[PDB]
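*Asks:* For reference, the file start_39.cif (mmCIF, C-alpha atoms) is included below:
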```cif
data_upload
#
loop_
_atom_site.label_atom_id
_atom_site.label_comp_id
_atom_site.auth_asym_id
_atom_site.auth_seq_id
_atom_site.Cartn_x
_atom_site.Cartn_y
_atom_site.Cartn_z
CA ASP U 1 79.54 116.78 101.34
CA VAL U 2 83.04 118.17 101.31
CA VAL U 3 85.06 116.62 104.14
CA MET U 4 87.45 118.79 106.16
CA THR U 5 90.50 116.91 107.45
CA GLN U 6 92.06 119.06 110.18
CA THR U 7 95.79 118.66 110.79
CA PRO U 8 98.08 118.25 112.37
CA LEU U 9 96.42 116.57 115.35
CA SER U 10 98.83 118.31 117.73
CA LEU U 11 100.74 121.60 117.57
CA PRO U 12 103.07 121.98 120.57
CA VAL U 13 104.37 125.56 120.41
CA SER U 14 105.62 128.13 122.91
CA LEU U 15 103.50 131.23 123.51
CA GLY U 16 105.42 133.41 121.09
CA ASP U 17 106.45 131.10 118.24
CA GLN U 18 104.55 130.89 114.96
CA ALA U 19 101.90 128.18 114.51
CA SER U 20 100.40 126.99 111.22
CA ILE U 21 97.41 124.63 111.33
CA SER U 22 96.38 122.93 108.09
CA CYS U 23 92.97 121.88 106.76
CA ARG U 24 92.13 119.86 103.63
CA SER U 25 88.80 119.90 101.76
CA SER U 26 87.56 116.83 99.83
CA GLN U 27 86.85 118.59 96.53
CA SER U 28 88.07 122.08 97.46
CA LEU U 29 85.80 124.82 98.80
CA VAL U 30 85.27 126.67 95.53
CA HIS U 31 81.64 127.65 95.02
CA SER U 32 79.99 127.72 91.58
CA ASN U 33 81.81 130.88 90.48
CA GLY U 34 85.44 130.58 91.59
CA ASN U 35 85.14 131.92 95.15
CA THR U 36 86.07 130.22 98.43
CA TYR U 37 84.23 130.93 101.69
CA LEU U 38 86.24 129.47 104.58
CA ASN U 39 85.74 130.16 108.29
CA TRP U 40 88.63 129.33 110.62
CA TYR U 41 87.69 128.73 114.25
CA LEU U 42 89.13 128.23 117.74
CA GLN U 43 87.69 127.31 121.15
CA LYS U 44 89.02 126.73 124.66
CA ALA U 45 87.80 124.42 127.43
CA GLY U 46 84.26 125.84 127.60
CA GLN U 47 84.95 129.47 126.73
CA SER U 48 84.00 132.11 124.15
CA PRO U 49 84.57 130.95 120.56
CA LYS U 50 86.77 133.03 118.25
CA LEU U 51 86.64 133.36 114.45
CA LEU U 52 89.81 134.26 112.55
CA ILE U 53 89.55 134.16 108.77
CA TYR U 54 86.14 134.13 107.06
CA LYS U 55 87.12 133.40 103.45
CA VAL U 56 90.71 132.27 102.96
CA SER U 57 93.09 134.84 104.46
CA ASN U 58 91.20 138.02 105.43
CA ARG U 59 90.81 138.47 109.19
CA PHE U 60 87.40 139.01 110.80
CA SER U 61 86.70 142.07 112.97
CA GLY U 62 88.52 141.62 116.29
CA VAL U 63 91.38 139.46 115.02
CA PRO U 64 94.66 140.94 116.34
CA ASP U 65 96.10 140.62 112.80
CA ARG U 66 98.44 137.94 114.22
CA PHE U 67 96.15 135.41 112.54
CA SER U 68 96.68 134.70 108.85
CA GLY U 69 94.94 132.21 106.57
CA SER U 70 95.93 130.90 103.14
CA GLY U 71 95.82 127.85 100.86
CA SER U 72 94.64 126.68 97.43
CA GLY U 73 91.37 124.73 97.09
CA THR U 74 91.62 121.32 98.78
CA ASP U 75 94.22 122.65 101.21
CA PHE U 76 94.31 125.51 103.73
CA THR U 77 96.41 126.80 106.64
CA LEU U 78 96.27 129.25 109.56
CA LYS U 79 99.61 130.83 110.48
CA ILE U 80 99.87 132.80 113.72
CA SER U 81 102.54 135.39 114.30
CA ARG U 82 102.65 134.44 117.96
CA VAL U 83 100.66 132.06 120.13
CA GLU U 84 99.13 133.33 123.38
CA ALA U 85 97.57 131.66 126.42
CA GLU U 86 94.14 132.29 124.88
CA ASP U 87 95.24 130.73 121.60
CA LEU U 88 95.75 127.46 123.47
CA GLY U 89 92.92 124.95 123.11
CA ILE U 90 91.46 123.21 120.07
CA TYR U 91 91.40 124.64 116.54
CA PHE U 92 88.86 124.11 113.78
CA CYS U 93 88.04 125.22 110.24
CA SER U 94 84.54 125.57 108.80
CA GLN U 95 83.24 126.47 105.34
CA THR U 96 80.01 127.93 103.95
CA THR U 97 80.82 127.09 100.33
CA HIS U 98 78.87 123.82 100.17
CA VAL U 99 75.62 122.79 101.87
CA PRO U 100 74.96 121.66 104.36
CA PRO U 101 77.78 123.39 106.25
CA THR U 102 80.52 121.15 107.68
CA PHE U 103 81.96 122.75 110.83
CA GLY U 104 84.21 120.36 112.77
CA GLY U 105 87.82 119.14 112.99
CA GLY U 106 90.06 119.44 116.06
CA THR U 107 93.75 120.42 116.12
CA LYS U 108 95.29 120.27 119.59
CA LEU U 109 97.24 123.41 120.48
CA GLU U 110 98.20 123.37 124.16
CA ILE U 111 101.57 125.15 124.18
CA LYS U 112 104.88 123.35 123.68
CA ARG U 113 105.87 120.39 125.86
#
```
Any chance you could put this one into structure tokens?

*Replies:*
Amino acid sequence: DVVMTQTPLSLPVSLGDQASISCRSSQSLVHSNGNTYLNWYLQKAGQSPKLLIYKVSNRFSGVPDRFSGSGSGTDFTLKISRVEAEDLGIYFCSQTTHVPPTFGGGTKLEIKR
């Protein structure tokens, strides 16, 4: 199925700066109609998962607006107005456009060093 290459592998940023994680999709995530259904994700060391965008840029209910998604077809990104302690951890980007669902990736985001 469509592969999702998460990048970069590391994103050292201070809790306050803007962070933009990328994500590429083998043959784009455009369903048979011209619509893209992406699902950004984030998880800490054994904590409660958090979903940001659920299409391409719109933010899911609960997102502090600081999260923003964008991109074309075989490329996507998640810019954050400001990183917080909770934001730290590993990032991911899923997609419900193709089947079966992918769900995976892993961008390291543990503050700036």

*Asks:* Give the answer as one residue: which of U:60, U:105, U:67, U:23 has the shortest atom-to-atom distance to residue U:84, using all atoms listed in the file?

*Replies:* U:67

*Asks:* U:99, U:90, U:11, U:3: which is nearest residue U:27, counting all atoms listed in the file?

*Replies:*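 Checking each of U:99, U:90, U:11, U:3 against residue U:27, counting all atoms listed in the file, the winner is U:3.
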
*Asks:* Evaluate the PyMOL selection byres ((chain U and resi 62) around 10) against this structure - the residues, as a PyMOL selection string, please.

*Replies:* chain U and resi 50-52+59-61+63-65

*Asks:* Have a look at U:113, U:79, U:98, U:55 and name the one nearest to residue U:21; count all atoms listed in the file.

*Replies:*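 Smallest separation from residue U:21 among the options: U:79.
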
*Asks:* Evaluating the PyMOL selection byres ((chain U and resi 102) around 9) on the displayed file yields which residues, as a PDB file with C-alpha atoms, in the frame of the given file?

*Replies:*
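Printed below is selection-v4.pdb as written:
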```
ATOM      1  CA  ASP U   1      79.540 116.780 101.340  1.00  0.00           C
ATOM      2  CA  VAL U   2      83.040 118.170 101.310  1.00  0.00           C
ATOM      3  CA  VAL U   3      85.060 116.620 104.140  1.00  0.00           C
ATOM      4  CA  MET U   4      87.450 118.790 106.160  1.00  0.00           C
ATOM      5  CA  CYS U  93      88.040 125.220 110.240  1.00  0.00           C
ATOM      6  CA  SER U  94      84.540 125.570 108.800  1.00  0.00           C
ATOM      7  CA  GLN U  95      83.240 126.470 105.340  1.00  0.00           C
ATOM      8  CA  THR U  96      80.010 127.930 103.950  1.00  0.00           C
ATOM      9  CA  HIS U  98      78.870 123.820 100.170  1.00  0.00           C
ATOM     10  CA  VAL U  99      75.620 122.790 101.870  1.00  0.00           C
ATOM     11  CA  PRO U 100      74.960 121.660 104.360  1.00  0.00           C
ATOM     12  CA  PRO U 101      77.780 123.390 106.250  1.00  0.00           C
ATOM     13  CA  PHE U 103      81.960 122.750 110.830  1.00  0.00           C
ATOM     14  CA  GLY U 104      84.210 120.360 112.770  1.00  0.00           C
TER      15      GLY U 104
END
```

*Asks:* Looking at U:29, U:38, U:56, U:13, which one is nearest to residue U:89, with distances taken over all atoms listed in the file?

*Replies:*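 Ranked by minimum distance to residue U:89, first place goes to U:13.
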
*Asks:* Using atom CA of residue U:69 and atom CA of residue U:46 as the two end points, give the distance in Å to one decimal.

*Replies:* 24.4 Å

*Asks:* For atom CA of residue U:44 and atom CA of residue U:71, determine how far apart the two atoms are, in Å to one decimal place.

*Replies:*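 Spanning atom CA of residue U:44 to atom CA of residue U:71 is a straight-line distance of 24.8 Å.
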
*Asks:* Starting from the PyMOL selection byres ((chain U and resi 81) around 6), expand the selection into actual residues of this file and give them as a PDB file with C-alpha atoms, keeping the file's coordinate frame.

*Replies:*
```
ATOM      1  CA  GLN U  18     104.550 130.890 114.960  1.00  0.00           C
ATOM      2  CA  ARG U  66      98.440 137.940 114.220  1.00  0.00           C
ATOM      3  CA  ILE U  80      99.870 132.800 113.720  1.00  0.00           C
ATOM      4  CA  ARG U  82     102.650 134.440 117.960  1.00  0.00           C
TER       5      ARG U  82
END
```

*Asks:* When you draw a straight line from atom CA of residue U:26 to atom CA of residue U:45, how long is it in Å?

*Replies:*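 A separation of 28.6 Å between them.
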
*Asks:* With a distance cut-off of 9 Å and only C-alpha atoms, select the neighbouring residues of residue U:88, excluding the residue or stretch itself and same-chain residues fewer than 4 positions from it, and output the selection as a PyMOL selection string.

*Replies:* chain U and resi 15+42-44+83-84+108-111

*Asks:* Mind dumping the selected residues with C-alpha atoms as a compact mmCIF listing (two decimals), keeping the file's coordinate frame?

*Replies:*
```
# COMPACT_ATOMS: atom_id res chain seq x y z
CA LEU U 15 103.50 131.23 123.51
CA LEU U 42 89.13 128.23 117.74
CA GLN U 43 87.69 127.31 121.15
CA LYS U 44 89.02 126.73 124.66
CA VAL U 83 100.66 132.06 120.13
CA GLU U 84 99.13 133.33 123.38
CA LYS U 108 95.29 120.27 119.59
CA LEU U 109 97.24 123.41 120.48
CA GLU U 110 98.20 123.37 124.16
CA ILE U 111 101.57 125.15 124.18
```

*Asks:* In terms of the shortest atom-to-atom distance over all atoms listed in the file, which of U:77, U:28, U:41, U:57 is closest to residue U:106?

*Replies:*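 Selected residue with least distance to residue U:106: U:41.
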
*Asks:* Looking at all atoms listed in the file, which of U:35, U:48, U:5, U:20 is the one that sits closest to residue U:73?

*Replies:*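 For residue U:73, the nearest of the given residues is U:35.
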
*Asks:* Taking 2 positions as the minimum chain separation for residues in the same chain, which residues sit within 6 Å of residue U:7 when counting all atoms listed in the file? Answer as a PyMOL selection string.

*Replies:* chain U and resi 9+22-23+107
